[PDB]
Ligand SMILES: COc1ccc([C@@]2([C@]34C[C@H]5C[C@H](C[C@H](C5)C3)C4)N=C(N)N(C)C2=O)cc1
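Only one chain comes next, encoded as structure tokens, the form solved without the ligand.
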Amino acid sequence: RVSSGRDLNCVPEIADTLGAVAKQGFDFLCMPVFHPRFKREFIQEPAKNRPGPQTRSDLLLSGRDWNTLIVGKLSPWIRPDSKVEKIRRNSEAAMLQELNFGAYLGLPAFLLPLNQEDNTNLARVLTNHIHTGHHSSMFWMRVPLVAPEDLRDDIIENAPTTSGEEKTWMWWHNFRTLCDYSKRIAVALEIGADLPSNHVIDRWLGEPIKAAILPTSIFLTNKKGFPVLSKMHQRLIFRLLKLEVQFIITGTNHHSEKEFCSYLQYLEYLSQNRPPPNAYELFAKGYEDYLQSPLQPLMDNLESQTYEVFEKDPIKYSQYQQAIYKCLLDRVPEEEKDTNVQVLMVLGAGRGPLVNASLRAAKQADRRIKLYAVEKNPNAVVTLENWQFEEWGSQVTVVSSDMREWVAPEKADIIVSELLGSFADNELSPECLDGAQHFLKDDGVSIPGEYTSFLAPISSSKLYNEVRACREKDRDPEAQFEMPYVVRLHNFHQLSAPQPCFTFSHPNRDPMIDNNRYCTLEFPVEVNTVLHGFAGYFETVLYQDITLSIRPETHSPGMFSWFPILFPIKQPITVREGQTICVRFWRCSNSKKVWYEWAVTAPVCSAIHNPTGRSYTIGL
């Protein structure tokens, strides 16, 4: 159910207006706290001595109504960046007064307009207000998609019309930078009569958009007179509905022969006819842009309620079963089916899902198998013992050890193990598998047979703000930027297509094994945008054509086990069209720990993040 409100400038009486607006079906009302035309003076002597109340008292509504139903709008006559000293001084005083009154009321949100090239003084006043007191109101910067000077008609003889398509965004960015990416400043994207190129909308959708303002003049007239959005505004509204922005319908009823509610109703219709969420999206709901630390099973034991979520995925284990089936068919010919017994070793059996998959694969392939299930977490070993005693029986042998420290009784025909993370090697799968190789038969195979990790630059002020919010005390203040986070990228914009890095193959039988890696990636850029970090995905080949992947263009259908990973950078890197982002990644180890270092070089050389694993390491 889409949450939408109403924007008004004439409010003769608050109670009646709220009643009517609620009756029409809106959720909240955006109004001016002070009368828009009631200019006020603070310096001039005769004028500033104005008696009587400045604005309607706050007792008019209950304390709850202000906190949920009202959104304050700054007076239009205020212009902090005026070029006249008296006007600017009065504007500063009035804006501070209005912000203070809004905070006093308890307003959930306050609207401020960005309809000028320069907003430095306004930003200064807003920043001063944000750092004073103990208020919590959010601030929505009403900024249009197309600057007013560009959408005006060409009816002036002395001045004909016409990077110019992006100027509005530059107004936002600068303002944001002046406020230092405050968590309390959001964007109220004011949609226009016509949309810009797809790239502009893509860049905008990466911004922290909280509300979208729809004028009543956008809607077209259908065959029966009801309002209807254009065919491209429809797609844009769908894209916004992918986010959870609130729609504010502004203007007057351009369709007098119909009730205003129609404008709302149509929106609701688009909300109800939105394409249904898929299984993956439904699974991921509630964790969009929710930073999480990766799992490091090699050093820290998992809990049962993590294996529970690991088991919900049906795609992963079906693919593993198919891979085992194909491998068993390939290795054992039909004539040798009777006596050829293949040895399978599951490494990291967990609570026995992969053991069940292997047994099922052998059963359907008609090939006999012996099974060794290795596991280190003793808690999972208890479950494996119960499974073995009750149901698997003699066919499965459970071992409680680390495969790097285990001494197998016989060599393995097939090795099966999933030890991958968001990044393919994030979970130290290569380190464990290389050690495990010592008990792998000469012609045996390993599943997965190979895995690669792909990296792609991203832009997301939301994620940058979360990373900054991960400021924990008793550690380096910059440490939060020097560690990866596994998170479902939702409010982000992809600057370029992912590229491969750090490929791994098993079994690796080169003369001297080395797991340290170094990769340099160059990403073209198509729009002036700010890079905030790099998102990492992984792809993997289990056996021949059987594969798993979370890369956006080849995502496995419905496989929701893994989320992308995020490597942030300390300072946003501004990049212009035609430039190339040159990032460099190092996977380093010292036989006791493993870490990742990353540095940007081409646009503007950045510092080497996480040197010598000072801020993030995986125990080995």
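Residue numbers run from 1 along the displayed sequence.
Quick note: we don't show the form deposited with the ligand bound, though the next part is all about it.
Student: Pop the ligand in from its pose in the deposited complex with a site C-alpha superposition and tell me open or blocked, counting ligand atoms that come within 2.4 Å of any backbone or C-beta atom (3 or more means blocked).
Tutor: After the site C-alphas are aligned, the pocket of the shown chain is blocked to the transferred ligand.
Student: Thinking of the ligand in the deposited complex, which stretch from 251 to 259, 223 to 231, 116 to 124, 533 to 541 has heavy atoms inside 4.5 Å of it?
Tutor: This holds for exactly one stretch, 533 to 541.
Student: Residue-level question: is residue 427 within 4.5 Å of the ligand in the deposited complex, judged on heavy atoms?
Tutor: Answer yes; at least one heavy atom of residue 427 falls within 4.5 Å of the ligand in the deposited complex.
Student: Is residue 573 close enough to touch the ligand in the deposited complex, meaning at least one heavy atom pair within 4.5 Å?
Tutor: Result no; residue 573 lies far from the ligand in the deposited complex.
Student: Contact between residue 565 and the ligand in the deposited complex at 4.5 Å, heavy atoms?
Tutor: Output for residue 565 is yes: heavy atoms within 4.5 Å of the ligand.
Student: Tell me, yes or no, whether residue 502 is in contact with the ligand in the deposited complex, where a contact means a heavy atom of each within 4.5 Å.
Tutor: Flag for residue 502 set to yes.
Student: Could you spot which one of 263, 247, 140, 451 gets a heavy atom to within 4.5 Å of the ligand in the deposited complex?
Tutor: Filtering the options by heavy-atom distance leaves 451.
Student: Please pick, from 419, 200, 270, 365, the one residue with any non-hydrogen atom lying within 4.5 angstroms of the ligand in the deposited complex.
Tutor: Filtering the options by heavy-atom distance leaves 419.
Student: Can you work out whether the ligand is within 4.5 angstroms of a heavy atom in all three of 110, 189 and 237 in the deposited complex?
Tutor: No: no residue has a heavy atom within 4.5 Å of the partner.
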